[PDB]
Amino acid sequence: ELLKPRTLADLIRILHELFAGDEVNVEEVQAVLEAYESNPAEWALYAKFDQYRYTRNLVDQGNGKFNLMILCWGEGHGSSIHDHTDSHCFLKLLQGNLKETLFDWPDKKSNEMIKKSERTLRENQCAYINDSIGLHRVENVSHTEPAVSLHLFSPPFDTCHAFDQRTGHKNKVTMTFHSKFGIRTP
């Protein structure tokens, strides 16, 4: 029985219910995330930027089965092409716009990775990826506006792979946190 989250806090409570069992209903989770209307005051605490690259800010640790974070993207900031370590990944825009470029898993052969597609994710939209769908890059292409996104990962994971667009070669990356619960974590 899915209800609209009134606030980020409400959203988080609802996520604990949704993940109360062993199986994830992806469409339900995506629906509730989308239904949350971004309110900058509610997440300002987590929206910590860095001048040179995008940041990952932990919001909620979940119930063992997921966690929830906020990512902050300066003008021109973006990610590698990457996977998500056999986890569900939900991405919702809270401010600005992000360009998401989808790539297929590379064949064993060293080849240029060619874009399957791209789309512009706009404020409040929720996108979903998992490894069975493919790989992606996410970028703030704006010259004038920062972007902020809300991400849900299930199960949680702290490692992933980055892919070189020229070759498809991957490298294992350990992902870090800029902050946890509003507290900067050097």
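In case it trips you up, residue 1 is the first one in the sequence shown, and so on.
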| property | result |
| --- | --- |
| 63 to 71 or 113 to 121, whichever carries the higher mean Cα B-factor | 113 to 121 |
| Selected stretch [higher average CA B-factor]: 23 to 31 or 44 to 52 | 23 to 31 |
| C-alpha B-factor winner, where the candidates are 151, 161, 143, 137 | 143 |
| CA B-factor placement of residue 104, once the chain's modelled residues are sorted into thirds | middle |
| Ranked against its chain, the third holding the CA B-factor of residue 132 | middle |
